[PDB]
Structure formats: structure tokens, C-alpha cells
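S.K.: PDB entry and its sequence, pasted below:
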Amino acid sequence: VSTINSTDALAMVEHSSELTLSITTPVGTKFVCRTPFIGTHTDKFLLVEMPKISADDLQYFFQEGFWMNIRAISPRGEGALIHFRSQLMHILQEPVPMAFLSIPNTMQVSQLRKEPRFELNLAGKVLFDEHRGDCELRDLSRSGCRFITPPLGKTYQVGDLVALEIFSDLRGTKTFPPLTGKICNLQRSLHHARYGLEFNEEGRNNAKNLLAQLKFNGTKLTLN
Amino acid sequence: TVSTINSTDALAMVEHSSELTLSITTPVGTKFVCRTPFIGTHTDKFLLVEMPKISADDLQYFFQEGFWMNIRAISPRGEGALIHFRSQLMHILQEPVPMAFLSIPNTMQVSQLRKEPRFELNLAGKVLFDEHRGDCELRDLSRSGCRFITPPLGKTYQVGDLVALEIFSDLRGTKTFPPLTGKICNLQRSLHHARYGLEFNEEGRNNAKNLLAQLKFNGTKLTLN
Ligand SMILES: Nc1nc2c(ncn2[C@@H]2O[C@@H]3COP(=O)(O)O[C@H]4[C@@H](O)[C@H](n5cnc6c(=O)[nH]c(N)nc65)O[C@@H]4COP(=O)(O)O[C@H]3[C@H]2O)c(=O)[nH]1
Ligand SMILES: Nc1nc2c(ncn2[C@@H]2O[C@@H]3COP(=O)(O)O[C@H]4[C@@H](O)[C@H](n5cnc6c(=O)[nH]c(N)nc65)O[C@@H]4COP(=O)(O)O[C@H]3[C@H]2O)c(=O)[nH]1
């Protein structure tokens, strides 16, 4: 792991992303919860939304002065795991429930992935048994990828073997050879279902060729 | 190119802590323009911003709950984008720290910001201006210009100044690429460094084309081979 200044570290974290708060009371009792990162006020405070927890834990584990270990994630490229200690300084209910946490001078950062994931937005179809539904590739690596599907579309579970046919252009006809792999992770949202995939040998060869046709436009990878 | 986008997706494009431009039109018709840092958003309820660093007068006068304003935000990656929308100052807090809560409309306008993409990188180098030579680091590059940073205590430049950047072609700094020459177009000092935007002259464009051709994209940004 590496130690870097808090301004630079937090700059790697997208606002609204999820933070993992591990709180340790004065007696030693631990408590972990998740909550959205709002942002920072100057160099004085780290702002987060009040955790979606019980009103009992909320006032027995979430009190001013209590310390906690916070984990944040930087999604781009090889990604990064960010860890640091912070003290709960202030709690407000109005105009909206939120917490002000202290910002240490430095934070620890560690590599999250073996290789980088490249962002993109490529429409395609996902194959699974008799199903063939719409999907969009959101990121691609040499070993895997991320794709999303409609909330009402067929769902997959970790371990399922699927294949993605990515359109080579807007015609919605011709596609790159199948990207085959197993679902490794998933996360349902209100606007779509997300899946992480790890390619089998054939998938890796086809991904390699697809990456070879993509160009970086300063923001993400794009097709011709 | 102009399009309408839902606020959640549009604000996801804006980096937290970045400067917002607020154009306020009081209920009289009086207009005021100030800038202030974007903090973030709470759920899909409020847009949080730090209090503008303006005089108390203009403050209690142009910055009051209920007042409306047109906000301009920036999406900095690549060709970037200009995000424009209308918002109402809903709440003003003083404790524990001064901050304002603005309303978030359902949709926002997204329009073109740049004529071409800017590619991020981190290349150490030297900045030359008149008889001075100082350390700098190239932060982004495009066919027509670049962005570079310098130490807080180093020699400063003003818009219009013609400078030259000698970027090292290797980690050890055993040599430099042909110079990136052009005029300063914008600047901004921050806690850890001074930042400048530059627009190349002919020579600059030629050498920038040469430099870009030697860089690879590692998924996060361009780097030396
Ligand atoms: N391009 C792409 N590839 C994917 C995706 N999901 C899975 N893979 C591929 O599958 C491998 C194992 O993923 P995992 O089981 O989730 O196991 C993961 C996961 O537990 C953790 N990890 C990596 N990135 C993240 C992240 O952004 N968030 C979290 N919470 N964990 C991560 O590290 C482990 C190894 O990650 P990798 O070295 O990248 O190795 C990854 C990657 O090659 C995806 O969305 N996009
Ligand atoms: N690579 C790079 N090139 C730079 C930089 N600063 C200036 N240039 C070059 O100089 C041209 C004019 O910059 P400008 O006078 O600030 O005039 C700018 C500016 O007024 C506005 N603009 C562009 N990007 C941003 C931004 O990130 N923030 C803000 N506030 N305005 C921007 O649009 C105008 C035209 O922008 P461009 O089409 O890109 O054309 C830019 C670009 O080719 C830089 O930091 N990096």
C-alpha cells in the first residue's frame, strides 16, 4: 500500500459513491455500515449521508467523537482501495440528515485489480440458454468485462455462463464474435442490472481482438 | 450536439470540489455573477455548495433563500461538456460550517465545451519564460494546447505570456521532447500547485503531434513508453 495526501486521495473518489464505515465505540464494540459519500467542505470536513440504519444503532454507534475506519473506492483503470481513519465531528438532521467527518492529513491507497478496466458504452445482446436480451458493455479488460441489462430482463447469478454479442456499429446486425465467461459479481439498481464477468479462454481471445478495434477519445474507448 | 439529460447522470459528470458559476437574478431583476466550489449532492434532494467568497454586502444581498440562478458546471474529461441548469437557493447554513443547499431540477442541458479532446498524463519537465527556467509537470495534452502545473512558490505567468515547455522523454530525465510552445490562456492557483492552460503556436502544434504519437494509454491516462 501507499500513503498519500487526503486531497489527492479523495480526488480519486467519485461523489455519491459508497463508503464503508467501520465504527469503534469507546469500549471497543465494532459496527459496520455503508453510506453514500457526498463530498468535502474545503479541507475541513468529509460529508456523508446518514447511514440507512436503525434509530437505535444510529445513536449508539453513530455519535460525535467516535472514531472509524473508512473505506472508499476509485473505480477507474486498475482501480484503487482507499483507507483512512476519521472522527465523527458533527451530525445534522436539517435541512437533511448528514454527517461531518474529520479528514486526516493522509490516507492509504492500494491497487485493486491485476489489470486495468477500460470504460466504454457498446450496445449488444447477452445470450443465456434460450434467452437473448439487450445489454450494454460498460467496461472491458483483457480478462473480463462489465455489462448492464434492463431491470425486467432475464437475471443471472454468480457462476452462470453467458455470452455477449457486441454490435460492431449502429446497424444492430453484425457483431463481434461472442465474449464468453462466468458471472463473478452482480448489483441490481433501479434503472438496470449490473454484472461482472470473467472470460474463459475463448472470451479472452475475442476480447483481445475487440480491444484492438477500439480507440481512446480522452474519456473512454469507442468504436469506429 | 446539445441535449437534455437527467440531473443524476449529468451531475455524475461533474467532479466534486470543482468550481461552479452562479448567475443570480434577484426578484427585482438585478443580476450578479459569482463562482463557488461544488461540494456534492445529498440523494436526489439538494445540491450542496460552499458559500461564495464575495463581500458580505453582495452576500446577504444576492445570496438569499428563494432566489433563483442559472448554474454552469463542467464535465472535464476528454472533449468535456458544459452542464447548464436552473436552480433555487433553498437553504443556507452557518454551522458547523457555512454552506448552501440548492434545488436540483429534473433535467439539465449538456452542450459542447471544447473543439477537441484533452488527454490526461503526468510528465515532468521544465517551463521556460524569458530568462527564467523552472520545474513543471504536464497534466493534459491536446492537438492545440496543454495544461501544466508548477510549485506554489515558483515564478508565475499571466494570460497572454508566451512560454515553452521542455518535457522529459524518460523517467530519469536524460533528455527532452521538442518544446511545447504557446500562450497562456488561463490559470488557477491551488494549495499544492499553480495551474496553467496553454494554446500552441505553429511550432507547438507540430511538437505536440510528435509527443502524442509516442504515448500509450494505460486505461487511466497517457504515459511514456
Ligand atoms: N473488466 C471487468 N472485469 C471484471 C469485472 N468483474 C470481474 N471481472 C474479472 O473477474 C476477475 C475476478 O473478479 P471478482 O470475482 O469480482 O474478484 C474481484 C473483486 O473481489 C475485487 N475487485 C476488483 N475491482 C473491484 C471494485 O471495483 N469493487 C470492489 N468492491 N471489488 C473489486 O478484486 C477481485 C479481482 O479483480 P480483478 O483483478 O480485476 O480480476 C477480475 C476481473 O478480471 C468487471 O466489472 N469488469
Ligand atoms: N489541452 C489543453 N488545452 C488548453 C488548456 N487551456 C487552454 N487550452 C487550449 O486553448 C484553447 C482556448 O482556451 P480558453 O482560452 O481557456 O477558452 C476555452 C474556455 O473558455 C472554454 N473551456 C474549455 N475547457 C474548459 C474547462 O475545463 N473549464 C472551463 N471553465 N472552461 C473551459 O472553452 C474555450 C475553448 O476551449 P478549447 O476548444 O479546448 O480550446 C482551448 C485549448 O485548445 C488546457 O488546460 N489543456
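M.R.: The structure has been received and is ready for your questions. Numbering: from 1, shown residues only, chains lettered A, B, ... in the order given. Ligands and ions are numbered 1, 2, ... in the order given.

S.K.: any idea how far residue B:105 is from the residue of chain A most remote from its centre?
M.R.: In terms of distance from the mean C-alpha position of chain A, residue A:27 ranks first, at 33.1 Å (C-alpha atoms, centre = their mean). Going from residue A:27 to residue B:105 by C-beta to C-beta, to the nearest Å gives 47 Å. All C-beta spots, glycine's among them, are computed from the backbone N, C-alpha and C.

S.K.: in space, what's closest to residue A:128 - neighbours in sequence excluded?
M.R.: Nearest non-adjacent residue to residue A:128, counting by C-beta to C-beta, 6 or more residues apart in numbering or on different chains: residue A:162, 4.7 Å away.

S.K.: likewise residue A:116?
M.R.: Once flanking residues are discounted, residue A:116 sits nearest to residue B:219: 3.0 Å by C-beta to C-beta, 6+ apart.

S.K.: which strand or helix spans the one you found?
M.R.: Using DSSP states H and E, residue B:219 is not contained in any helix or strand.

S.K.: show me what contacts it?
M.R.: A:76-78, A:116-118 (C-beta atoms under 8 Å, 6 or more residues apart in numbering or on different chains).

S.K.: out of these, which comes closest to ligand 1?
M.R.: residue A:117 (3.9 Å; C-beta to the nearest ligand atom).

S.K.: list the beta-bridge partners for the closest one.
M.R.: Residues in a beta bridge with residue A:117, per DSSP bridges, are residue A:77.

S.K.: now for the contacts of residue B:219: which two are most distant?
M.R.: A:78 and A:118 (10.8 Å; C-beta to C-beta).

S.K.: check chain A for the residue nearest ligand 2 and tell me.
M.R.: residue A:218 (9.5 Å).

S.K.: returning to that earlier point: could the contacts of residue B:219 be laid out in JSON lines, adding distance to ligand 1?
M.R.: Shown next, in JSON lines, are the contacts of residue B:219 (distance: C-beta to the nearest ligand atom, whole Å):
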{"residue": "A:76", "distance to ligand 1": "10"}
{"residue": "A:77", "distance to ligand 1": "11"}
{"residue": "A:78", "distance to ligand 1": "8"}
{"residue": "A:116", "distance to ligand 1": "8"}
{"residue": "A:117", "distance to ligand 1": "4"}
{"residue": "A:118", "distance to ligand 1": "8"}
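
S.K.: could I get the phi/psi values of the most centrally placed residue in chain A?
M.R.: With distances taken as C-alpha atoms, centre = their mean, the residue of chain A nearest its centroid is residue A:75 (5.7 Å). Main-chain torsions, residue A:75, degrees, to the nearest 10: phi -70, psi -30.

S.K.: and it, how far from chain B?
M.R.: According to C-beta to the nearest C-beta, to the nearest Å, residue A:75 and chain B sit 11 Å apart.

S.K.: also residue A:214?
M.R.: Distance from residue A:214 to chain B, by C-beta to the nearest C-beta: 10 Å.

S.K.: is residue A:165 in a bridge, and if so with what?
M.R.: residue A:125.

S.K.: residue in chain A nearest to ligand 1?
M.R.: For chain A, C-beta to the nearest ligand atom, closest residue to ligand 1: residue A:196, 2.5 Å.

S.K.: partner residues bridging that residue?
M.R.: On the basis of DSSP bridges, residue A:196 is bridged to residue A:146, residue A:185.

S.K.: kindly report the same for residue A:106.
M.R.: The partner list for residue A:106 in beta bridges (DSSP bridges) reads residue A:5.

S.K.: okay, and the beta partners of residue A:136?
M.R.: residue A:123, residue A:148.

S.K.: near ligand 1, which residues of chain A are found?
M.R.: Within chain A, the positions adjacent to ligand 1 are A:73, A:75, A:79, A:112-114, A:117, A:139-141, A:143-146, A:184-185, A:196, A:198 by C-beta under 6 Å from any ligand atom.

S.K.: one more pass at 5 Å, please.
M.R.: Taking C-beta under 5 Å from any ligand atom, the part of chain A that reaches ligand 1 is made up of A:112-114, A:117, A:139, A:141, A:143-146, A:184-185, A:196, A:198.

S.K.: those residues: which two are farthest apart?
M.R.: With distances taken as C-beta to C-beta, the most widely separated pair in these is A:112 and A:145, at 16.2 Å.

S.K.: got the phi and psi for residue A:60?
M.R.: phi -120, psi -20.

S.K.: what does the one 5 residues further on give?
M.R.: Dihedral angles of residue A:65 (phi, psi; degrees, to the nearest 10) stand at phi 100, psi -30.
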